[PDB]
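Beneath this line is the structure, given in structure tokens, with notes to follow.
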Amino acid sequence: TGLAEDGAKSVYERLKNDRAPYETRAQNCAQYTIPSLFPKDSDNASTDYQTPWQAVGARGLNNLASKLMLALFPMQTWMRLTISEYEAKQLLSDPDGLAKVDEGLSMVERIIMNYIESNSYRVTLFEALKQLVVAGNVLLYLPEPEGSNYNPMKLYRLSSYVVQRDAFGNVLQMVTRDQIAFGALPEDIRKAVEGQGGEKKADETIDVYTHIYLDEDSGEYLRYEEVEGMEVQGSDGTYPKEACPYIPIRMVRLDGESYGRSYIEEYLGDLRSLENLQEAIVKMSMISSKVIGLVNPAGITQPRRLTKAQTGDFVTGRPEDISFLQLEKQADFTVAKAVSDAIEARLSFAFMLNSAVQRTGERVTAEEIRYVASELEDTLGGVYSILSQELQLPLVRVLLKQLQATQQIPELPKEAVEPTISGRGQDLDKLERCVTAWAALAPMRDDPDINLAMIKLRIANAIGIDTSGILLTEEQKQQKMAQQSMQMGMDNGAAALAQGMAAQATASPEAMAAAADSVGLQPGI
Amino acid sequence: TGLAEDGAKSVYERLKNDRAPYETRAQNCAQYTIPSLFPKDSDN
């Protein structure tokens, strides 16, 4: 049908004239740091990428993309599923069932970490974080599993997608551009391309578009793929608003523009000035590198004898005729060096590398004083804080849906939500701290006055551990007092009759021969 | 049979003109680090 917005190949073309501000920023912004990261895409093989004269942008990007990956995504359990605790108390008989629910929530949070690591999501997120530094603005598509086989996720680094969003935060429509070759197309698309007509080469590429527009009269998204034809008839997906496999990530958020900025465009002016120094220092060393022999032409020394002489010949002439053209700028090389060492000093804090070689340095700064490296962690804490909303939560809310449909996860009952805690964490440390406070109460087990039954509740109240699996309740002890007794009942009892039977089993020796026959032993002993 | 793509000796020759960007990069790129690692292969 007409499908209320048309056409998807032209929605990409109307809004391709909106990437061109951000795209020509990133082509400039990758030129100074690392040119292989975001090409101009009027680029082929060959177009060799000249290294920038400065190597701080190449340094301070890998040292910032990895320190985001190490901080956003540690190897352990970076998400956790909080059940709403008061609504968990109502629907359940306390207290054993409550932690039994949290074992099912500890079940799921390990399966996702066994799903993320076993599908190389760590790879394509690190390729995402390098795009988020240089350009921002990457959407990565999480396809349906269709089995327990290998399932990566494809990203699109702003030269292959288009989104359009509001001045308000929500997304209106997305267009992604593939260039899948004809032999490599999926099976339903090859029926549509052949259904369009005309034979194709095995290696000819096809601009395959998607269109993920927000629906008329319903809050969910509609998603249809297309070719040069209208649709592909495997198209329509009813993606809900909160769970769509296409999520556009965003380095630093700015309203109400459609895309996001990047982090390293906020220092791209400063790299532009630091390369212009480092271009000049190197070129001053190249005039230096040339060795010109200035012969004083009012002198005696002809170098017709200086060249053709051997290892140690005696030659005519004065030494003060032969001087060499040397590069001047002794007091000028230090001006351009001390500024370039000051600009690298104030970019090395902007990026998360430590203060390092590029000074005298001269540390004596020792030894507990380098806890001010935590100032780099706090400055790092301001960097990804936007990104934990934009990437880190929608990547879980998609995987909580897609694993329900493929039955690789239990259907969690509509009430559990997740924070991206940088990981408990709070459940471990608050349990570990109240143990040591209760361990100080150990010499008070014989004190007749202190209510140790209450102090252990007060520390469990001061430290915010919950309660009610925390202490033995009213009944709960007559069972426990019996178990020490039933132990000593079974212990003294089994030691009684075994001494009781075997003493009288062998006395008046005819009974000893009768006792051995019951086991089946003949008269051996 | 015809095997739907032909011939394999010419698929190598059509696309040998696509290595020549990367190949002449690596011949330059090994020249500066260690020249024994990637020869020009007009080399004996």
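Protein sequence lines, in the order shown, are assigned to chains H and I.
Residue numbering for the first sequence is 6 to 427, 434 to 536, as defined by PDB author numbering.
Using PDB author numbering, the first residue of the second sequence is number 6, and each one after it goes up by one.
By construction, the Cβ of each residue, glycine as well, lies at the ideal position given by its N, Cα and C atoms.
For residue 17 of chain I, no chain H residue has a Cβ inside 7 Å of its Cβ, as the nearest lies near 14 Å away. Residue environment for residue 377 of chain H: exposed (fewer than 16 other C-beta atoms within 10 angstroms of its C-beta). Annotated three-state conformation of residue 143 of chain H is coil, per DSSP. With a contact defined as Cβ atoms closer than 8 Å, residue 193 of chain H and residue 237 of chain H qualify at about 6 Å.
For residue 481 of chain H, the CB contacts under 7 Å within the same chain, skipping 5 residues up- and downstream, are 471 in chain order.
In this structure, the straight-line span from the alpha carbon of residue 139 of chain H to that of residue 439 of chain H is close to 37 Å. In this structure, residue 276 of chain H keeps its C-beta atom at 9 Å or more from the C-beta atom of residue 266 of chain H. For residue 179 of chain H, the uninterrupted beta strand (DSSP E) run begins and ends at 176-186, by DSSP. If one requires a minimum length of 3 residues, the beta strand (DSSP E) runs lying completely within the segment 97-166 of chain H are 144-146 and 159-161, in chain order.
The beta carbon of residue 39 of chain H sits closer than 7 Å to those of 62, 63 and 66, all from its chain and outside the five residues before and after it, given in chain order. Only buried fits residue 34 of chain H, as 16 or more other CB atoms lie within 10 angstroms of its CB. Taking C-beta atoms under 8 Å as the contact rule, residue 420 of chain H and residue 88 of chain H qualify, at a distance of about 6 Å.
By the criterion of at least three beta-carbon pairs nearer than 8 Å, the segment 154-166 of chain H is in contact with the segment 121-138 of chain H. The Cβ-Cβ distance between residue 58 of chain H and residue 333 of chain H does not fall below 9 Å.
Cβ-Cβ distances below 7 Å link residue 296 of chain H to 329 in the same chain, with the five nearest sequence neighbours on each side left out; the list follows chain order. In the structure shown, residue 399 of chain H adopts helical secondary structure according to DSSP, grouped into three states.
If you draw a straight line from the Cα of residue 81 of chain H to the Cα of residue 426 of chain H, it comes to about 11 Å. Two segments are said to touch when three or more pairs of C-beta atoms, one from each, lie closer than 8 Å; by this definition the segment 245-254 of chain H touches the segment 401-420 of chain H. Our two residues, residue 398 of chain H and residue 423 of chain H, have alpha carbons roughly 8 Å apart in a direct line. Separation of residue 321 of chain H and residue 339 of chain H (C-alpha to C-alpha, rounded to the nearest whole angstrom) is 40 Å. Interface flag for residue 23 of chain I against chain H is set, since a Cβ pair is found closer than 9 Å.
The residue among H:302, H:474 and H:460 with its C-alpha nearest the C-alpha of residue 445 of chain H is H:474. For the 9 Å CB-CB criterion, residue 41 of chain H and residue 54 of chain H form a contact. With a threshold of 9 Å between beta carbons, residue 189 of chain H makes no contact with chain I. Taking 8 Å as the upper bound for CB-CB distance, residue 145 of chain H and residue 161 of chain H are in contact here, some 7 Å apart.
For residue 379 of chain H, the number of other beta carbons within 10 angstroms of its own is below 16, and it is reported as exposed. Between residue 45 of chain I and residue 52 of chain H, the alpha-carbon positions lie close to 20 Å from each other. Between residue 242 of chain H and the set H:227, H:197 and H:248, the nearest pair of CA atoms involves H:227. Of all residues in the segment 206-230 of chain H, only 207 come within less than 7 Å of chain I when Cβ atoms are compared, listed by chain position. Put simply, the backbone Cα of residue 337 of chain H is about 10 Å away from that of residue 289 of chain H.
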